[PDB]
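Here the structure comes first, spelled out in structure tokens, and everything after it is commentary.
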Amino acid sequence: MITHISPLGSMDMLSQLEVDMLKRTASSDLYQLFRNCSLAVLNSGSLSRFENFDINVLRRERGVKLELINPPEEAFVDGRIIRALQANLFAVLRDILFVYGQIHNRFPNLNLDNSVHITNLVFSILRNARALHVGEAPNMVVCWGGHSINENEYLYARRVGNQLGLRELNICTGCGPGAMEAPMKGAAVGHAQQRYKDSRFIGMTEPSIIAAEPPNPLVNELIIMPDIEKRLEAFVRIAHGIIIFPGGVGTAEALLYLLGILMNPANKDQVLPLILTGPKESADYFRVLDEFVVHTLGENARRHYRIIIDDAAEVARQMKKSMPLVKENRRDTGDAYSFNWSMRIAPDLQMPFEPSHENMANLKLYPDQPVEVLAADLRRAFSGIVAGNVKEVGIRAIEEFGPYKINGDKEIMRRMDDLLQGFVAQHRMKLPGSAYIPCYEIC
Amino acid sequence: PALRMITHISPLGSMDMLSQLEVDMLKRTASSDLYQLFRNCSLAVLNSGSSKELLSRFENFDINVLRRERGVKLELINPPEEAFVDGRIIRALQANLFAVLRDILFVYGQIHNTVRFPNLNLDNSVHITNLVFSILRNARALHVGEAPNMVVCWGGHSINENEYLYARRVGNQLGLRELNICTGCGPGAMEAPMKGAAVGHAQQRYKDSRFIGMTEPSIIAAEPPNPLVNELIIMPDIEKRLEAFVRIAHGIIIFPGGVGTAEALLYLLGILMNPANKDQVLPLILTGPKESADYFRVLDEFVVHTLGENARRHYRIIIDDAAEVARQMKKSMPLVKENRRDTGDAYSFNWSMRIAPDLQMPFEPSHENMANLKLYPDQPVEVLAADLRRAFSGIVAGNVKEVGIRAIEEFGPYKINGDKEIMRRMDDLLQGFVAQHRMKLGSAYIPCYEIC
Amino acid sequence: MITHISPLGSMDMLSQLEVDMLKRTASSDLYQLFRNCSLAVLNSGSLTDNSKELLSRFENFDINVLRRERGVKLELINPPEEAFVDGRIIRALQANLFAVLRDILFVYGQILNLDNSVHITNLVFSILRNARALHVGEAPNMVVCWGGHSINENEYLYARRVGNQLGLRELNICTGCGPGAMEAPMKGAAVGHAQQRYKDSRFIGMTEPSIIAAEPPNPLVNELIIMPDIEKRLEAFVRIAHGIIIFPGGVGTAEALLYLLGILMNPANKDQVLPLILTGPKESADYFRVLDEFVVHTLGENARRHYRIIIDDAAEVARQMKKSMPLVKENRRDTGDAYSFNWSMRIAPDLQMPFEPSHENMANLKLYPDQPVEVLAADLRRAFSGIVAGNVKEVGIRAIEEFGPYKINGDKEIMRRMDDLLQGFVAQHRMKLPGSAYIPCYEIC
Amino acid sequence: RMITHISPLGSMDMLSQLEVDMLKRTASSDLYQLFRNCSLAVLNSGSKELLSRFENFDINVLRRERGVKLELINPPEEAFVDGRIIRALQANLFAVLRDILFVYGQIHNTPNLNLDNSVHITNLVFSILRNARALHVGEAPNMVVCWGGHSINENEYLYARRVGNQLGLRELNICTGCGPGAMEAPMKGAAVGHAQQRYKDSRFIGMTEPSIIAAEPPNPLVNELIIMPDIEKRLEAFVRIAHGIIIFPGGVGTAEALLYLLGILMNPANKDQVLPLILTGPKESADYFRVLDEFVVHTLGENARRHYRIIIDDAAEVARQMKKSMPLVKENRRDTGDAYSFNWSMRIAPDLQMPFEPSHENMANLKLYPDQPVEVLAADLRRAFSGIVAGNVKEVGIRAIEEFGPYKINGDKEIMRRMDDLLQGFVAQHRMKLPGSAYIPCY
Ligand SMILES: Nc1nc2c(ncn2[C@@H]2O[C@H](COP(=O)(O)OP(=O)(O)OP(=O)(O)O)[C@@H](OP(=O)(O)OP(=O)(O)O)[C@H]2O)c(=O)[nH]1
Ligand SMILES: Nc1nc2c(ncn2[C@@H]2O[C@H](COP(=O)(O)OP(=O)(O)OP(=O)(O)O)[C@@H](OP(=O)(O)OP(=O)(O)O)[C@H]2O)c(=O)[nH]1
Ligand SMILES: Nc1nc2c(ncn2[C@@H]2O[C@H](COP(=O)(O)OP(=O)(O)OP(=O)(O)O)[C@@H](OP(=O)(O)OP(=O)(O)O)[C@H]2O)c(=O)[nH]1
Ligand SMILES: Nc1nc2c(ncn2[C@@H]2O[C@H](COP(=O)(O)OP(=O)(O)OP(=O)(O)O)[C@@H](OP(=O)(O)OP(=O)(O)O)[C@H]2O)c(=O)[nH]1
Ligand SMILES: O=P(O)(O)OC[C@H]1O[C@H](O)[C@H](O)[C@@H]1O
Ligand SMILES: O=P(O)(O)OC[C@H]1O[C@H](O)[C@H](O)[C@@H]1O
Ligand SMILES: O=P(O)(O)OC[C@H]1O[C@H](O)[C@H](O)[C@@H]1O
Ligand SMILES: O=P(O)(O)OC[C@H]1O[C@H](O)[C@H](O)[C@@H]1O
């Protein structure tokens, strides 16, 4: 049961030599990753049911075509593939076969350890994805949120979305469900009411995530950054403003990434508004969160972030006001509106981190350390926990090597565990499906 | 002199180019008795997205027309604040406001200000049909050469969530096939198809969704527009608003509705049975979720009784398969194109559709008029449904429209008479409509109608 | 040999009754005008300028209006073969063709009291709005240009360069839809639009049914408007223009320059902002000297406040206009006026009232210096239209056949100074395109 | 103002910082003289005498965080309107930046680019064309490449304006060598045509090369300037982008192109290709074409009159033909799975892709003999015309033919004899040099 999809959105003008490299990489051991990311995309609107599915790349003189063998029928309306899903499909080929292949094959001097190279790559990737619009006045609000979230948390984030869209702002989330879908959903409705024509709804994700988490159907720009170290850096550089909702260990982990970069002294003059918000009930959640930050980083971290409870209008209003300040801030520095080139991200924050049980129990989670190293290695630990929850390698590794164990001191490790268990009690650790098994053991 | 909230809105969408003498027309008509109407229509528009209860909270509101040499501007005094963002009027409400200005003070204003010699009135079905065209062209709803995608959806204002989601789902399939929606500019079944169609449009990167809302002054004064509408049109008569529905449409889908939705159907079915329209293609398809099976079965029995079992060659009833409902309309789009190509008719306005003058003639819901409705099978099915349409439109007057909402206790509640089995098959439907809350949204409902 | 033209640009959406109306209007005696205006449109340039002579070759032509349910179409019977590319009517001509259906059969046919100066003006707005010429929310860029239907190649070159400069400053041009001066600026402005990547060129040709039937549209025009009177065509020219560049011309260009100056010198329009520049190519020195020498003491001495003369600086001329734009935009905000239409300009009913030459009417011309500056220019405009009527306008040509040259009355050295102007027009070969000699329909003194 | 800072327009709009760096290194390298001279030329669209009239001119690359700007020291006063660079000049300027410093720099200093493989040289030409956003995707064929002399009389210049008009009347675009005479009048005529048919979005490409551009500024009609590295690859891009060629009356070069074409057309694997070649002239041209036809038939084969067609003084027919052929290409493309914008399928033989160093030793080893296969013939026939063209404008070749000896070539005498009659006629046609100063042969 075979369908020949032509390119939409991406990979339209391919050279004949590139077409050959795409076909090679698609026969390589990368196949399954390119398969699954491609089956996920075809299944936005929620893997093991579609074991018949297989996607073959097809060489034509002009460019490439994708062949869909036993694809999921709901991605087709009267025969034709839904345009959005078709384009996400080709975005996966772009950022899986094209991107992730090319960075290993070859490229003369791609250090991949020079934090310069690393940032220029994240620029390149966004550029190839046609996501850095030239002469674009700043409108993008990177939203961060938890994937399992309450109907009230959802209804609240939809309202924040709607107010953002009523102020002609665009959204960039994790390409996923719950809080990454609901701001897009709400913004769309505002855009409409204000006759906004061209909505951008970027979804920023990574290969391991997108294999088990389809995009939400709202995304119209799908970027698969290779590692969360890049995905996170990409979040920061493209955004002109961040709103961190109630999330789990992922959303938590992103916060430390921000705060690691924002506290740096080099970025004392950079302009990137951070606003943690939530509904009236989230107030307790933020309490703990905030105290946890104060204690790990200082009262000096509260200067970079602001908490608004149960005022979505103001939350949007604040960002719509900030946008003229992100514009001027980039104008003075001679920076790009698209890409926050000037922001100083620390090699300790860009360096890929492999979440091995060893690495997690040698984390420098001690107060005798600079705040940078603390939040950096904090984040490192928050990524392993995201590992044992969703990423395939982690969910298996915890059930075969045993939970992650963590070092540190108490009050530090003490308070965090109060976060972690608190997260579970809110069920933001795992989808409502079944229950949750801690992949972590904190003293 | 007291504390007031002032804003000035510049024309968006309509009334952008205005000669100076026209500007004088509008200002005069806005001092005319038409003010109160104009005011409450513009109030209803502002209150899109939030029943007279809302309108008795904005009694401080007043809308004043401003002259400038170039054209016009609209002054909002104590406007509802929920219609502004950071002090700026939401663009959509801004255009709908200037739609109201067009269709109430320009359109309906020039009409209200014409002679009505009842000795020699222009009952000409050509006027009513060229007029209906002229109204749509002024509201820029008639796009040259745009191929047929408009699907006119009908349904009750008060419907149950199961219906609402179904109309929503039907909407989704409709838009997933790059099809536009036209409705009654209202809540319930009149917004839920747009809501779902919207999502389909997105998934397919369908730019320029047209969600036209055909209403009428009475309805819109009391019922603000539903938020999904982008082209708002305020046709003067339910008689002309109906006819507009029919001509612009390239497909019709009737959901489960109360009196209004019923009355439109008879109006439609009447134009479909007319012989000159045996070669005209316009797909009519009633749909609803599973629970509406019964409703429609009754519905059918009423129609076949009033029209014959030959009615059923003009519609098709689909239950719980919104995908197919859209699939079919989508399939029928090419037919309507060629049907218009052959005859040389226009995509936008069905000029060849013969609509009968007794279907185009307005029916004042006088209680005397109402019982004089010849509801007898000896008459052509044409005249049977014409009067049957007219009866169904009276009940809606008693329920929503001002004249007859209160004109009913004064001059008395409505009473219809004719063939008894006809009146009987009506009561099951009407009294069924009461049990489905398709008459009124409910907390309270008065019959406003009486049959032996 | 028949071909079927569907509507392009205008008369796209039409109600069945309207189509019905156009059908009858086409069967009326207007047919000749409607077919005559249609024939010029279909000839435009095509490397032939013969006034009426070229058109005599197409005596078999005929255009019938067709009625379809959707709208209207146009039937071309024996149409000039040069208006077709491999069978397809060239789109510009097709649009200009359909503009004649709009403005001859729809507009002109249907002609509200037309002596009320208010109704007149709002009629002129309604004609322009119909041709979608008053665009909404457009910063001012329109420089109306006036000139001569006949001009040596010297002036043509200059006005291309003026037009090139003008275009190079993202300025659109508007003329009288004719040749020579009414084409050159567009020809260059277009070039200039290219270099500065200005995509939406707007080259408006505004004309009357009297002129279009004998002077076809130059092919540069992409917005054609056929206003009914020269009186209404002029009124339009003024309202839509945000600047005006007068080149050298004959008696027609002359007719405008008094029209305009009359309106500007009126007191109510002292605060209005409309930059008037006269430019010529160096050799125009004397022509502009004798023109200025004429105006100074025929009309007011103070009238040199309302025009600036520039010779052989095409750059500066366009620069000045490109600076004037923001002032005109400010002048409209302050008045709360529109950019597209200058409503506030007080145009006198004496400048709105059509003029029929005859001969008594030329005798009853109050050309006296005692007369107000205004009254003087109103009838001074009229005098020139006489010479423009019997020059080319068929009604006037026949009228100078029977009763001969118009007897221009007036008085004062005013008459002698008209004569040495008029003598120059003919002596400079700006009164008739080269082909025969010229027969003065004017008898001064 | 004597200094002005021009922003990127049309190219080089989105640049990564590592890129912005490499550009300045290349501006600091000896390439500057080329980049200066091409940028002077671009700015003088409105003869190498004007090069010595602007000696103080100098153009510098400004680095910014966002991207690059261009610093213009003492530019020709004619390029600015009220101080603002003419939008079109500005974009030509940045195409010089794109194609001299980015393209020309990067390929010479690399090496995984073999540049000796005909698969490489071909995909490079695709690449540069894509990079200059000139290969439009999903564009129905309309691109009519027009070849012809730079020194052509007023009858030919006017005729090509007519064949240009007629092409525009029929909504066809034009591509030439960014030059005067025949390379301008078509575009001049074509654009009137596009006006008359309300054709918006005209395309007027100009393929040229660094040695050419620096002494011959682009004509003012060109809106896409493309500067391919050499004449060998310039021609390849000519061919491959074009859906139809018209060869006007030209000299050497217009000579050199035709043998290039014919070499590729007569080659067997290209007998199924669809690319009309109409050689047209204005009636007095009959004699020049006569001599031309007699020449090829002998020098190649009477089997060559299959690939070209001669029309004289029928501009409307020349256009009429090409418009009919525009659909025929589409099928020829759609069948093979080829791209409408690039003619991937055509087999250009490597002998025609390999740059020919116009040296005297090399000019001797030109197999100019009728025993060789018509393919081999052509290739070396072309190489010979690259030699003479060098003698005329190319710096390398004007220097080599100065005191170091005019270019000398021989072979079969009938062949040689045909040549001297042609070349002699070119001199007599003043197609070899523009001005009336008598021309001195390099042959
Ligand atoms: N600074 C900045 N400019 C950008 C960016 N993306 C596009 N641009 C535009 O590039 C233009 C460059 O103008 P400048 O800021 O004065 O130049 P700079 O780069 O800062 O250094 P320079 O002084 O030349 O040496 C701006 O036009 P204007 O500001 O003059 O007018 P407007 O925004 O209204 O359109 C911007 O609109 C960006 O990320 N940062
Ligand atoms: N008659 C009519 N035509 C419409 C309508 N909407 C779009 N069109 C188009 O306008 C074009 C005019 O077609 P005609 O040549 O005039 O049809 P004819 O029957 O031959 O003569 P007639 O209309 O009676 O005067 C149509 O065909 P095309 O040129 O596009 O090609 P195509 O027709 O192949 O689809 C349609 O595409 C409409 O409501 N009515
Ligand atoms: N004068 C004029 N204005 C128009 C026209 N069409 C829209 N407008 C808008 O009207 C604005 C005038 O400014 P306002 O202070 O708000 O006055 P208005 O309410 O519009 O009328 P009012 O003058 O008070 O009677 C301009 O915005 P700006 O703030 O940018 O002012 P600008 O472009 O002039 O620099 C225009 O954008 C028009 O045809 N003429
Ligand atoms: N060959 C070609 N196709 C292009 C190009 N750009 C887009 N396309 C489109 O890609 C479609 C390919 O359809 P396919 O089913 O795959 O059939 P083929 O063309 O034979 O290629 P295939 O062998 O399957 O790989 C074409 O549809 P149609 O063939 O029906 O043509 P159109 O719609 O434009 O009128 C084109 O519309 C291009 O540069 N070249
Ligand atoms: O917070 P979780 O939902 O538990 O983990 C994934 C998140 O990590 C990132 O910040 C994205 O916003 C994701 O939403
Ligand atoms: O309650 P109902 O009157 O039945 O619902 C309102 C509908 O009746 C009218 O015809 C309009 O089409 C509306 O869609
Ligand atoms: O009659 P001419 O003076 O020779 O030229 C025609 C002029 O008369 C009209 O007003 C046009 O705008 C032209 O300026
Ligand atoms: O001026 P000529 O030297 O005679 O001709 C040179 C041609 O060869 C090149 O392809 C260019 O496009 C030119 O058209």
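Chains as they are written, first to last, in the deposited numbering: chain B, 0, 2 to 46, 55 to 113, 116 to 453; chain D, -3 to 46, 51 to 441, 443 to 453; chain C, 0, 2 to 111, 120 to 453; chain A, 0 to 45, 51 to 114, 118 to 450.
Even for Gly, the Cβ is constructed at its ideal location relative to N, Cα and C.
(request) May I ask which residues mark the beginning and end of the alpha helix (DSSP H) holding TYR31/C? (result) 30 to 41
(request) Would you check if there are 3 or more beta carbon pairs closer than 8 angstroms linking the stretch 343 to 354 of chain A to the stretch 316 to 333 of chain A? (result) no
(request) Give the DSSP-derived three-state secondary structure of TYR315/C in the structure shown. (result) coil
(request) Just mark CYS453/D as buried or exposed, buried being the case when its beta carbon has 16 or more other beta carbons within 10 Å. (result) exposed
(request) Can you say whether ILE416/B is buried or exposed, counting buried as having 16 or more other CB atoms within 10 angstroms of its CB? (result) With 16 or more Cβ atoms within 10 Å of its Cβ, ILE416/B is classed as buried.
(request) Check whether the Cβ of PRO193/C lies closer than 8 angstroms to any Cβ atom in chain A. (result) For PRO193/C, the answer is no, since every Cβ of chain A falls outside 8 angstroms of its Cβ.
(request) Spell out whether any CB of chain D is found under 8 angstroms from the CB atom of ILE285/B. (result) no
(message) For a quick check, are the C-beta atoms of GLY171/C and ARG438/C less than 8 angstroms apart?
(response) no
(request) Check whether the stretch 439 to 453 of chain C touches the stretch 298 to 316 of chain C, counting contact only when three or more Cβ pairs, one atom from each stretch, lie closer than 8 angstroms. (result) no
(request) Tell me whether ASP103/B sits in a helix, a strand or coil according to DSSP, three-state version. (result) Shown here, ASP103/B sits in a helix according to DSSP, grouped into three states.
(request) Put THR48/C into one of helix, strand or coil per three-state DSSP. (result) coil
(request) Taking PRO148/B as the reference, give the member of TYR347/B, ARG406/B, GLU191/B, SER15/B with the closest Cα. (result) Residue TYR347/B is the option with its Cα nearest to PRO148/B.
(message) For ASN138/C, tell me which candidate among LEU122/C, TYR108/C, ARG102/C has the shortest Cα-Cα distance.
(response) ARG102/C
(message) Does the CB of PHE98/D have a neighbour CB from chain C at under 8 angstroms?
(response) no
(request) Give a yes or no on whether 8 angstroms exceeds the smallest Cβ distance from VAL298/A to chain C. (result) no
(request) Run through the stretch 249 to 303 of chain B for me and flag every whole alpha helix (DSSP H) of 4 or more residues, listed as ranges in chain order. (result) Counting only unbroken stretches of 4 or more residues, the alpha helix (DSSP H) elements lying wholly within the stretch 249 to 303 of chain B are 259 to 273, in sequence order.
(message) Output needed in chain order: residues of the stretch 12 to 33 of chain B with a Cβ under 7 angstroms from some Cβ in chain A.
(response) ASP12, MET13, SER15, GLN16, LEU17
(message) For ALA167/C, which residues in the same chain have their Cβ closer than 7 angstroms to its Cβ, ignoring the five residues on either side in sequence?
(response) If we look at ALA167/C and ignore the five residues flanking it on each side, its Cβ neighbours are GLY155, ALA189, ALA192, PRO193, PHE255.
(message) If distances are taken between C-alpha atoms only, which option among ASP320/A, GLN280/A, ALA264/A, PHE392/A comes closest to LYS290/A?
(response) For the set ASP320/A, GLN280/A, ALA264/A, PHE392/A, the Cα lying nearest the Cα of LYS290/A is the one of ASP320/A.
(message) Can you give me the C-alpha to C-alpha distance between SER209/A and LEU228/A, rounded to a whole angstrom?
(response) 11 angstroms
(request) Would you grab the beta carbon distance between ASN96/C and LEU14/C for me? Rounded to a whole angstrom, and I think it's under 8 angstroms. (result) At roughly 18 angstroms, the Cβ-Cβ gap does not stay under 8 angstroms, so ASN96/C and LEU14/C are not in contact.
(message) I believe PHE296/B touches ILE317/B by the beta-carbon criterion, under 8 angstroms. Please report the beta-carbon distance rounded to the nearest angstrom.
(response) 5 angstroms
(request) Measure the Cβ-Cβ separation of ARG425/A and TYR267/A and say whether it is below 8 angstroms. (result) no
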